[PDB]
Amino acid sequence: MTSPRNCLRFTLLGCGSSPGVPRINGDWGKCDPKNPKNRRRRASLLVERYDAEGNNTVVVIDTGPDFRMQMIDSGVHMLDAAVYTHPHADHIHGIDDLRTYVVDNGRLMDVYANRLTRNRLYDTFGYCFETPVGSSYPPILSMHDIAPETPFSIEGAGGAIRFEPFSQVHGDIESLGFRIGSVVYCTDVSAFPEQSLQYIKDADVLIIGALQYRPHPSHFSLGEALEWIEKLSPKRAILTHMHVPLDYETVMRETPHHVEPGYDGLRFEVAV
């Protein structure tokens, strides 16, 4: 058997900070421009469940500006739902590209967001939900609420994928993290509230944001992320949302064996 079966499969679609690596002006920072692993798209995760016959349920976490190229390069040509962490540009400005799937599926695309995120999507992308005055474009999205500490499930051809959302502090706003089975996704986080600890401890894989070496008001530094990894004892940790000071080979050396920097297209399967 040479295709995925009886598993969850995770693909790190993007592992960069908000301006990407390099920045738009060609700035690679301290990254080796010759290592393709240092070319970073904006942060996003693809989550799939495969059954015994290889049928799949497919869910994306965040639709940033790189969403179209991320999906094309993933090789996965269908989508059941999108789930959002928070309403920052690098996580939402690719939303229009969900249109194609609406035509393929013959129904509105199910999207999942908390109230803060939803209310900002309605402000800035209202035409995706309701046809405005002077337009003939039908809406393309169907909104579902999510909230910390309330699990939700997304159905599809591979069976249901159950998400456990939890609260994160992200500078001056809240973002969501998610546990999916044994795998935890924590991007855009500067502190973990006490009530969220149960969701983040004892993960088989912890995917955790580490922006740079120096402190930043909205994200963990590398040292802060490593302190959390030591406390939470994941079997493996993968760093994400990495900015131009963090070079792949350098960070690989500086971190424990069970910890690695992410790279775009990083893919693994786990039991379900």
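Just count from 1 along the sequence shown to find any residue number.
Once the C-alpha B-factors are averaged per stretch, 29-37 and 206-214 rank with 29-37 first. Taking the PDB entry as given, 2-10 carries the higher mean Cα B factor of the two stretches 262-270 and 2-10. If you compare the C-alpha temperature factors of 152, 178, 84, 122 in the entry, 122 comes out highest. Per the PDB entry, 230 shows the highest C-alpha temperature factor of the residues 48, 247, 66, 230.
The deposited CA B-factor of residue 104 belongs to the highest third of values across its chain. The entry lists a Cα temperature factor for residue 199 that places it in the highest third of the chain's modelled residues. Sort the modelled residues of the chain by CA B factor and residue 133 lands in the highest third. Sort the modelled residues of the chain by CA B factor and residue 94 lands in the lowest third. Sorting the modelled residues of the chain by their CA temperature factor places residue 174 in the highest third.
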